Amino acid sequence: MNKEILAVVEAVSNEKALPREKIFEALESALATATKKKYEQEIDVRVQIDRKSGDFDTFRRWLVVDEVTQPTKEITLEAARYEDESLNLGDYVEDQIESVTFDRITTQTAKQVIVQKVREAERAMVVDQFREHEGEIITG
Amino acid sequence: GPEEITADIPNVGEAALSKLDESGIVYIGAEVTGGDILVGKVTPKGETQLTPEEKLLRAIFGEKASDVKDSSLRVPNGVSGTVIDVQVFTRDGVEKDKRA
Amino acid sequence: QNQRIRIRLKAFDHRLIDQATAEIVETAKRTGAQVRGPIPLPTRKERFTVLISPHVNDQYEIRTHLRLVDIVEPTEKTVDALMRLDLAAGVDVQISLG
Amino acid sequence: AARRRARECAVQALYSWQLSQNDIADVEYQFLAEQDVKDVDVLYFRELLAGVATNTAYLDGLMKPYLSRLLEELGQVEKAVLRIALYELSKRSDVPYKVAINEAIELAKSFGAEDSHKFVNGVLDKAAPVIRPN
């Protein structure tokens, strides 16, 4: 799992565009979007795969707001009593642990997120890389 | 690409994959009905990307999650009943399956 | 990869030719290619003409200064930076690979 | 035509190194094995490549002021032909004043900007107090 994504960032050619840290952040985003399909519940699942130390540990956001629709991510503006949360906003839980990071749709959305983010990053790089020469004769 | 009979199907929900076993075939006794999935098969769908920088990704990190397509054998619409037997003819060289 | 990228350079100007050859060997070095000698071969005369409304009963003579550059280690940077940095007109760049 | 046409071929290697900043051994090896140049005698090629000695830079420093064209804008072909036209009697003096001067001006007549040999001959006035065997 974690080792797999480490092998990714090793095989990632544009390691400057995405070194291990932001690689694993984008992969946590992909894992949340995958949990979006694993559960009909639309919950923001931060994971924090522990980029280099060990494997992942899924969490569950609380999306602090006075609402209760989709209660997987609903907490009022002071509900931090149990768990010693003590935080009004930002207090997010780790109730569900060890989702799937190896199945078909997981790896498919991993591919999609990887190619999307890599292409976006290379675009944003070349933009400034050529903007450097603003005021010169360029081909085209 | 080759054809595999894996248990997972990229799109369908849990119901359509509940009858199968861990290998991807229904148990002997599941009272299926027209529409359900007997197998259990996926195919290499896509073609012509030609980006080896992504082929190296999906050769180890997406080795079997590249070009899925659910050309899986469903019971024809209308015919219900009970599954009573499953034969599996495997071409030699092709290794094996658990049900086999 | 394969070696002989041999550049011929016809020309009618002088200073831009020195500039072009210098920046060419510069790019080769920024790549690492084993740039051969530019080797300025003997200048060749050319009797020119004026194919416009003539005199009544003139670009007639010119001196083609030639250059013979060679790149025999064409990695990515050579062709990349070469096709990137264009060269001024008035000079001919008939190259060869063979 | 063997020692005469020798210099009009080693000026090539001189200019080549000057543009390449390699070693003279590199450029001479590549020039010889590049085209089979027999207009130069091998030992006179060796002498002309020995014509990269430090004194060559020195003959640039002497004739520096009385140059009708500045140093930092002179053409590299003109740099090479000037180094040779001054070195012809720095140490070698294979032929006297007029012979070597005419050699440099003619055997390199087909390399300049249609007038360069004029002003190199004109700077050769500053070459007088060092080309003593007139």
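Engineer: Got a minute to help me understand the overall build of chain B in this structure?
Structural biologist: Scanning chain B from terminus to terminus reveals two helices and zero strands. Overall, the C-alpha framework of chain B stretches about 50 × 30 × 20 Å when taken along its three principal axes. Residues classed as buried in chain B amount to 29% of the 100 residues present. In chain B, 70% of the contacts between residues at least 6 apart in sequence involve partners at least 24 apart. Accessible surface, chain B as shown: approximately 6,700 Å² in total, 54% of it carbon and sulfur. Mean positive and mean negative side-chain charge positions of chain B (12 and 18 charges, respectively) differ by 2 Å.

Engineer: When you look at the arrangement of the chains in this model, what are you seeing that I'm missing?
Structural biologist: In this assembly, three pairs of chains are in contact, and the pair contributing the most contacts is chains C and D. The closest approach of any C-alpha atom in chain B to one in chain C is 17 Å; the two make no contact. At no point do chain A and chain D touch; the closest pair of C-alpha atoms across them sits 25 Å apart.

Engineer: What should I look at first to understand the interface of chain D and chain C in this one?
Structural biologist: Often, the extent of an interface is quoted as the loss of accessible area on bringing the components together. Each partner contributes to the interface: chain D provides 18 residues, whereas chain C provides 19 residues. When chain D packs against chain C, close to 1,500 Å² is buried across both sides, 56% of that on carbon and sulfur atoms. In this assembly, chain D and chain C are joined by one salt bridge. Between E34(D) and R6(C) there is a salt bridge, with its nearest N and O atoms 3.3 Å apart. Between chain D and chain C we count seven residue pairs in polar contact in total. When contributions to the side of chain D that touches chain C are tallied by element, the ones reaching two or more residues are α1 (7-20) and α2 (24-32) of chain D. Sorting elements by how many residues they give to the side of chain D that touches chain C places α1(D) first, with five residues. Taken together, the residues of the side of chain D that touches chain C break down into five nonpolar, 10 polar and three charged.

Engineer: Looking at this structure, how should I read the environment of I25(B)?
Structural biologist: Tracing the backbone through its elements, the reader meets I25(B) in the segment before α1 (52-55). On the basis of relative accessible area, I25(B) is assigned to the buried category, the value being 12%.

Engineer: Sorry if this is basic, but what is going on with the packing of aromatic side chains here?
Structural biologist: For any pair of aromatic rings, the description consists of the separation of the ring centres together with the inter-plane angle of the planes. Residues and elements named next belong to chain D. Applying the stated criterion across every chain yields a total of one aromatic pair over all chains. Considering the side-chain rings of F31 and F45, the 5.7 Å spacing of their centres and the 25° angle between planes classify their relative orientation as stacked. Of this pair, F31 sits in helix α2 while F45 sits in helix α3 (residues 42-50), placing them 14 residues apart in sequence. Assigned by exposure class, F31 and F45 land together as buried.

Engineer: Just checking my understanding: could you explain helix α1 (residues 2-11) of chain A for this structure?
Structural biologist: Side chains of residues three or four places apart in an α-helix project in the same direction, reflecting 3.6 residues per turn. Residue and element names in this part refer to chain A. Taken residue by residue, α1 has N2, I5, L6, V8 and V9 as its buried positions. Buried residues along α1 cover an arc of 150° about the axis, so they all sit on one side. In α1, those exposed residues whose orientation departs by more than 90 degrees from the buried face are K3 and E10. Buried-residue contacts for α1 involve α2 (20-38).

Engineer: Help me understand a nonpolar patch on the surface in this model?
Structural biologist: A cluster of nonpolar side chains, contributed by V126(A), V127(A) and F130(A), occupies part of the molecular surface with about 250 Å² of accessible area. As for its position among the elements, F130(A) is in helix α3 (residues 104-131).

Engineer: In this structure, what is going on with the packing of α1(D) against helix α5 (residues 76-92) of chain D? I would like to understand it.
Structural biologist: Two quantities define a packed helix pair, namely the angle between the helix axes and the distance between the axes. Residue and element names in this part refer to chain D. It is at 9 Å that the axes of α1 and α5 come closest, and there the two elements cross at 125°. It follows from the interaxial angle that α1 and α5 lie oblique. Seen from above, α1 lies across α5 with right-handed handedness. Across the interface between the two elements, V11, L14, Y15, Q18 and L19 of α1 pack against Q76, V77, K79, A80, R83 and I84 of α5. Tallied by class, the residues present in the contact of α1 with α5 amount to seven nonpolar, two polar and two charged.

Engineer: What is the right way to look at the pattern of salt bridges in this model?
Structural biologist: Overall, the coordinates contain 19 salt bridges over all chains when judged by the stated rule. For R51(A), the salt bridge is made with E25(A), and the minimal N-O distance between the two is 3.8 Å. One end of the pair, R51(A), is in the loop between α2 and α3; the other, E25(A), is in helix α2, and 26 residues separate them in sequence. Of the residues examined, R51(A) reaches a relative accessible area of 33% and is grouped as partly exposed. In this structure, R3(D) and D94(D) form a salt bridge, with 2.9 Å as the shortest nitrogen-oxygen distance. Separated by 91 residues along the polypeptide, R3(D) in the segment before α1 and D94(D) in the loop between α5 and α6 (97-107) bring together distant segments of the chain.

Engineer: Can you help me understand the environment of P42(C) in this one?
Structural biologist: Within the secondary structure, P42(C) sits in the loop between α1 (15-31) and β2 (44-47). Here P42(C) is in contact with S110(D) and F111(D), once residues within four sequence places are set aside.

Engineer: Could you clarify how one ought to interpret the packing of helix α4 (residues 54-62) of chain D against α5(D) in this entry?
Structural biologist: Residue and element names in this part refer to chain D. For the pair α4 and α5, the least separation of the axes is 9 Å and the interaxial angle reads 105°. It follows from the interaxial angle that α4 and α5 lie roughly perpendicular. Contacts from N55, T56, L59 and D60 in α4 reach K79, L82, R83, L86, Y87 and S90 in α5. Here the residues of the contact of α4 with α5 sort into four nonpolar, three polar and three charged.

Rules used throughout
Residues numbered from 1 in each chain as written, not as in the entry; some residues may be left out. Chains lettered and ligands numbered in written order. Part of a larger assembly, values for the part shown. Heavy atoms only, no water. Helix = DSSP H or I, 4+ residues; strand = E, 2+ residues; numbered from the N terminus. Buried < 20%, exposed > 50% of the residue type's maximum accessible area, 1.4 Å probe, protein only. Contact = heavy atoms within 4.5 Å. Areas by Shrake-Rupley, 256 points an atom, 1.4 Å probe, with all protein chains shown as cover. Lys, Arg positive; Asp, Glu negative; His and termini not counted. Charge placed at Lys NZ, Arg CZ, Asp CG, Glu CD. Buried area = accessible area lost by both parts, 1.4 Å probe. Salt bridge = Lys/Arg side-chain N within 4 Å of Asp/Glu carboxyl O. Polar contact = N/O pair within 3.5 Å; in protein donor to acceptor, adjacent residues only side chain to side chain. Nonpolar A, V, L, I, M, F, W, Y, C, P; charged D, E, K, R; others polar. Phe/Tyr/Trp six-rings, centres within 6.5 Å; stacked < 30°, edge-to-face > 60°. Arc of directions from axis to C-beta. Patch = residues over 30% accessible without salt bridge, like charges linked within 9 Å, V, L, I, M, F, W, Y side chains within 5 Å. Axes fitted to C-alpha atoms, helices over the stretch in contact; angles between N-to-C directions. Parallel < 35°, antiparallel > 145°, perpendicular 65-115°, else oblique. Left-handed = near helix turned anticlockwise from the far one by under 90°.

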